[PDB]
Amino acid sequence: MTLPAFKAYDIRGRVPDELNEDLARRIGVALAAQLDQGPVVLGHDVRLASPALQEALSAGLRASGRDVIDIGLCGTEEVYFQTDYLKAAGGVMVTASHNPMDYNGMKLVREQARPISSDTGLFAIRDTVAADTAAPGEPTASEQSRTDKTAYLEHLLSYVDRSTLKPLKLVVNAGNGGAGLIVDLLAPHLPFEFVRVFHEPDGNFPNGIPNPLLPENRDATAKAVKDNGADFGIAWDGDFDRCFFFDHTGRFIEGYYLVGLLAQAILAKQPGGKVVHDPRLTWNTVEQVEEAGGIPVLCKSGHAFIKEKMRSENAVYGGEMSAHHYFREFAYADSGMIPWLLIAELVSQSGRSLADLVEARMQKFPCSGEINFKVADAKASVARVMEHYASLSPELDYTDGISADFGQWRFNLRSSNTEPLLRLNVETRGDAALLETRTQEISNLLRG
């Protein structure tokens, strides 16, 4: 077999059997062999084991003659930003993201923060690590501490016109991850009144692991919004490359609708731009992009696909329904900070509440959200669905899984390549009843 910690887009594993200091050091040696010339940026999240894993990575890199730029405790997006800004050969973020206490991981990038993924160097690194029985060498290169965040903060602030911002009251919930540090550094330069929830970085996670998708964690943000009369609420995962929105009623906003909303915000700044989107849920995004004067560009779902498509198209923005938002000016990388700044500016400038903005689109394009189905046989399950609907002659698209467009409703079905699991998304043209009946019908077919 192979080292299980090496996944499609990153390294994720239980410490210490799937990921540990020796493996981290070997990853550093292997990465040094995979990159073009130059220094390597390292950062880490709040997990208790992250600093030691970073130090082991640093040791391997420096034994291989790589200068290391240690940006310290940070969010994943800061490694992306600094790798590109400092014209480094590459970068690694040590993070467990939203995973349990006994897990950690790494996200690896090369020049311009371009992703290193399974088929673009990550499995090459795996195989090198797997065969590496050499004793650790000693450092032949330096480590420099560079914790200044000024360039990163200035970049974030460049997305909004501060003179147009209103003193919105915003709940912010770092979930005891790292987001609060950035909020606090931005705050003196913004007019917002922040209501801080679970704010202090704490890798023991007294309030639960940082994952706003869990209803219990969701409710802490919702309650704070409602109890404080906030304009809206924002929560992040631990490494803050995903953000999650709550309107003034406390309602958690489905991520699909943020793609169209952020496209509107960006296209006001970059008229006529292209916007890349994924194939799961599409109709609202296409309409909002076109009405804002942009050009929507369909792309397969997945980190590397979206970024590569954006690069090839000079797209200003790319978004997935699953809370990943990518920005051309940000080295084509994802940020959990840029999106809420843009939304706060949109609310400030338009006089419309986030709730009103979202509700209107929800009524036009109701969606199921992504529903997962563990199945005995993915191929047989997809076949039951296709067979059932064949007589209706839907328009089919195989860009990513199977999309079927029936006119007034559509679905996308994607199959996992790591386990037998199907993922379903359904939307309709303004018809909640049709949404429910078709969703339940497909659910029955997938299960039976």
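Residue numbers here begin at 1 and follow the sequence given. Definition used throughout: the rigid core is the maximal C-alpha set that superposes within 1.5 Å between two forms.
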Kindly name the stretch, out of 410 to 418 and 61 to 69, whose CA atoms are displaced more from this form in 6 other deposited structures of this protein after the core superposition? 410 to 418
Superpose by the rigid core and compare 421 to 429 with 19 to 27; which one moves more, by C-alpha RMS, in 6 other deposited structures of this protein? 421 to 429
Greater mean Cα temperature factor according to the PDB record, 84 to 92 or 205 to 213: 205 to 213
Averaging C-alpha B-factors over each stretch, which comes out higher, 26 to 34 or 387 to 395? 387 to 395
Checking the record values for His44, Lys379, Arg410, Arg414, which has the greatest CA B factor? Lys379
Considering only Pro366, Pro191, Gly177, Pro136, which residue's Cα atom bears the greatest B-factor as recorded? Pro136
Binned into thirds over the chain's modelled residues, the C-alpha B-factor of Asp161 lands in the highest
Lowest, middle or highest third - CA B-factor, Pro339: lowest
Divide the modelled residues of the chain into thirds by Cα B-factor and specify which third, lowest, middle or highest, holds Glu427. lowest
Looking at the entry's B-factor column for C-alpha atoms only, identify whether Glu21 ranks in the lowest, middle or highest third of its chain. highest
By the recorded C-alpha temperature factor, relative to the other modelled residues in its chain, which third is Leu435 in? lowest
